[PDB]
Amino acid sequence: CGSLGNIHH
Amino acid sequence: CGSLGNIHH
Amino acid sequence: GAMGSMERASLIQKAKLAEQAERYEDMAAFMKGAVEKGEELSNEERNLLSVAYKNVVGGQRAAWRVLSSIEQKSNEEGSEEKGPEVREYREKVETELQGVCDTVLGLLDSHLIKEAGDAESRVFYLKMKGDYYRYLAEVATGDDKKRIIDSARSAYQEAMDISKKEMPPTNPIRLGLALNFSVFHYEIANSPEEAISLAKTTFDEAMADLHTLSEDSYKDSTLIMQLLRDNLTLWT
Amino acid sequence: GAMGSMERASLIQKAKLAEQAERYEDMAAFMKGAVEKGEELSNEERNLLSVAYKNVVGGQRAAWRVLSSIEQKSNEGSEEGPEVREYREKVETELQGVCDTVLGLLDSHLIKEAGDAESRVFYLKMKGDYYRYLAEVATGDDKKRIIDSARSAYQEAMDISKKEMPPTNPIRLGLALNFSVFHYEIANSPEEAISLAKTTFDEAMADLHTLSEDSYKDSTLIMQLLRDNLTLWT
Ligand SMILES: *Cc1ccc(S(=O)(=O)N2CCNc3ccccc32)cc1
Ligand SMILES: *Cc1ccc(S(=O)(=O)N2CCNc3ccccc32)cc1
């Protein structure tokens, strides 16, 4: 799973 | 241009 | 601190240059200096602080996970005794990670949170407090480990309570908070069903409010929604 | 130094761990500590040293180029303070310090103790490379001397490599590659760059038949970069 910081931009 | 270091292993 | 002689504006300028140069340690040191000027941070400045430390701690967590895995493997059955070096090195990286987390939590406690009255700023800072206690929890194993977990949960919960009262369901900070709190539930708190429920309710309530948004707001909200969805896909 | 109390073998072990964790600053500090134990380095250990410092200085050079480009743009209808220059200088100074550190290791005492061609050429190539990185950011009274320092180190390496190593030896090939880049990018000698790359490629091609499959893979990998540079340069 991803957290917010992983999203690009 | 690339130098040696640029080559992957 | 080392940044005490530099102008606030110059520290912000240099934080943006450091970002461009992918010099995130420098970026974080500049933003720490800027916080320590004692003034509240603008929206854009809060984002610079968050990006700087996310990158620094992100490299440390990535390293810690590599080292932890090697350490676990070395403690298997049939594994050759390699001495203390893997544990020592994992400990070194762990301690450095904990120090960065403690630094960010200290900026939040002295005095960013207390001066943050608008919902946008207060929620942002409490989300950050939850996140950096979560990073502490990822490597915790001691007498205090339950308290570290509870500290992340309390900060996230306070942020959640404000965000639901004061922000629309599509607000990107509200969305990213809910995303991160769902990751806390899945990865830290051993609460996969709470994680799944939270991500689903967040996604659905955001979907129903997209109609209110401009094209540019829509793009940001849907980007975070996509990560909620992708986590849900993985978790179910 | 901070690594004085750690065993040599533990420093090498932790360098390898640092590499796996992509902690190259740590990797370099461990390898510096190992060098400072005073013993000669093995092939594998020389490669760890080079990989560590390449990654550290490579991040700095990439940062420096970003900042220099912004600085160049500022100085031209451009709106005016000192921050960009100050920050580029900060990164430059750090870069110079890492290069000075590597050169110091080479001079105290890696080169002097290196008698085999493989080790001596490896370290003279490194010396060329770190003077080349100094040259990339140099603009003072000593800039020509920095350039000549890189040229002299590379030339000594070239002279040993031609006498003692086959034309496919990867260190010999990497050297020639890097000296060609020196000629093109630093010494304002594109024709020397092109000639060196071409001759190196052709002499290597003619020696491939002598190699095992594994050696052939390493040699052709470097030859491919010589060719790609030539394609760009012509
Ligand atoms: C925690 C958090 C959530 C949103 C934001 S943002 O400023 O809206 N923003 C920049 C950081 N990442 C991001 C991804 C998707 C959509 C917007 C953003 C900041 C911090
Ligand atoms: C300068 C130099 C040239 C070759 C080598 S190596 O150890 O032969 N090797 C193989 C090909 N490319 C490469 C890239 C990075 C590191 C090592 C190698 C070492 C040093």
Side-chain angles (χ1 to χ4, degrees), chain A residues 1-7, chain C residues 47 50-51 53-73 90 93-94 97 101 123-124 126-141 145-146 148-157 159-160 163-164 167-210 213 217-236, chain D residues 20-22:
Chain A
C1 67
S3 63
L4 184 279
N6 309 350
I7 292 168
Chain C
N47 280 331
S50 172
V51 163
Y53 278 114
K54 153 198 84 162
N55 277 276
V56 170
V57 77
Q60 294 171 320
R61 290 163 69 207
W64 186 94
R65 288 188 191 176
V66 162
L67 293 177
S68 284
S69 178
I70 296 172
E71 190 182 7
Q72 298 327 287
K73 195 71 197 310
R90 187 268 302 154
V93 171
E94 185 171 297
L97 184 167
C101 294
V123 173
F124 187 95
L126 291 168
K127 173 189 173 184
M128 277 191 68
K129 181 175 178 164
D131 289 337
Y132 282 83
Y133 277 116
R134 171 161 60 85
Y135 305 147
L136 284 176
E138 290 177 336
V139 302
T141 62
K145 166 193 172 76
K146 281 164 176 178
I148 291 166
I149 292 166
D150 202 63
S151 287
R153 183 209 54 72
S154 177
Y156 287 134
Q157 186 60 244
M160 290 289 289
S163 73
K164 287 200 252 184
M167 292 170 163
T170 48
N171 177 279
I173 304 168
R174 176 163 172 187
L175 291 177
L177 165 62
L179 173 60
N180 284 11
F181 193 23
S182 73
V183 171
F184 169 80
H185 286 309
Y186 192 87
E187 295 201 324
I188 306 297
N190 194 38
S191 304
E193 291 170 340
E194 188 66 16
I196 289 163
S197 185
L198 178 55
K200 281 185 172 153
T201 286
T202 302
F203 181 97
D204 286 348
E205 295 172 10
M207 180 63 45
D209 182 65
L210 289 173
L213 299 182
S217 296
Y218 174 98
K219 293 322 182 181
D220 289 337
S221 299
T222 59
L223 204 67
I224 302 169
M225 289 169 69
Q226 183 65 50
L227 187 41
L228 293 160
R229 176 56 41 187
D230 290 344
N231 287 348
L232 281 167
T233 293
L234 185 73
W235 289 344
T236 61
Chain D
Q20 294 178 77
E22 296 174 66

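All chains are named by letter (A, B, ...) in the order of the sequence lines, taking the proteins before the strands, and each is independently numbered beginning at 1.
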* Asked: Would you say the side chain of C:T170 lies within less than 4.5 Å of the side chain of C:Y218, judging by non-hydrogen atoms?
  -> no
* So, for C:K54 and A:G5, which heavy atoms are closest and what is the spacing to 0.1 Å? -> NZ-O, 3.0 Å
* Hey, could you give me the CD/CZ distance between C:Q72 and C:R65, rounded to the nearest 0.5 Å? => 13.5 Å
* Asked: Out of curiosity, C:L228 CG to C:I196 CD1, how far, rounded to the nearest 0.5 Å?
  -> 12.5 Å
* After noting the C-alpha distance and the side-chain angles of C:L175 and C:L179, does the key distance pass the side-chain contact (heavy atoms from CB on, under 4.5 Å) rule? -> CA-CA 6 Å; C:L175 291 177; C:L179 173 60; over 6 Å; no
* **From CZ (C:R153) to CE (C:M160), nearest 0.5 Å** => 12.5 Å
* Asked: So, for C:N180 and A:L4, which heavy atoms are closest and what is the spacing to 0.1 Å?
  -> OD1-N, 2.8 Å
* Rounded to the nearest 0.5 Å, how far does OG1 of C:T141 lie from CD of C:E94? -> 6.5 Å
* Asked: Does the side chain of C:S163 come within less than 4.5 Å of C:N171's, by heavy atoms?
  -> no
* Taking every non-hydrogen atom, the tightest pair across C:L234 and A:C1 -> CD2-N, 3.2 Å
* Starting at CE of C:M225, measure out to CG of C:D230 and round the result to the nearest 0.5 Å. => 12.0 Å
* To do: Could you tell me how the ring of C:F181 sits relative to the ring of C:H185: parallel (under 30°), tilted (30 to 60°) or perpendicular (over 60°)?
  => tilted
* Looking only at atom types and distance, does a side-chain atom of C:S197 sit under 3.5 Å from a main-chain N or O of C:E193, one as donor and one as acceptor? -> no
* C:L213 vs C:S221 side-chain heavy atoms within contact, under 4.5 Å -> yes
* **Point-to-point distance, once rounded to the nearest 0.5 Å, from CG of C:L97 to OH of C:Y132** => 9.5 Å
* Do the side chains of A:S3 and C:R134 get nearer than 4.5 Å, heavy atoms only? -> yes
* Asked: At their closest point, which heavy atom of C:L198 faces which heavy atom of C:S182, and how far apart are they?
  -> CD2-N, 3.7 Å
* Structure fact -> Shortest non-hydrogen pair, C:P168 vs C:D209, comes out as CB-OD2, 3.7 Å
* Closest heavy-atom contact between D:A21 and C:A63? -> O-CB, 3.7 Å
* **Worked check of side-chain contact (heavy atoms from CB on, under 4.5 Å) between C:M128 and C:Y53** => CA-CA 10 Å; C:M128 277 191 68; C:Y53 278 114; 5.5 Å; no
* Asked: Does a side-chain heavy-atom distance below 4.5 Å link C:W64 with C:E138?
  -> no
* Asked: Is a salt bridge present between C:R174 and C:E205, judged by a nitrogen-to-oxygen distance below 4.0 Å?
  -> yes
* Just say parallel, tilted or perpendicular for the rings of C:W235 and C:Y186, cut-offs at 30° and 60°. => parallel
* Going through the distances and angles, do C:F184 and C:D131 end up as a side-chain contact (heavy atoms from CB on, under 4.5 Å)? -> CA-CA 8 Å; C:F184 169 80; C:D131 289 337; over 6 Å; no
* Does any non-hydrogen side-chain atom of C:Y133 lie less than 4.5 Å from one of C:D150? -> no
* Side-chain heavy atoms of C:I224 within contact of C:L227, under 4.5 Å -> no
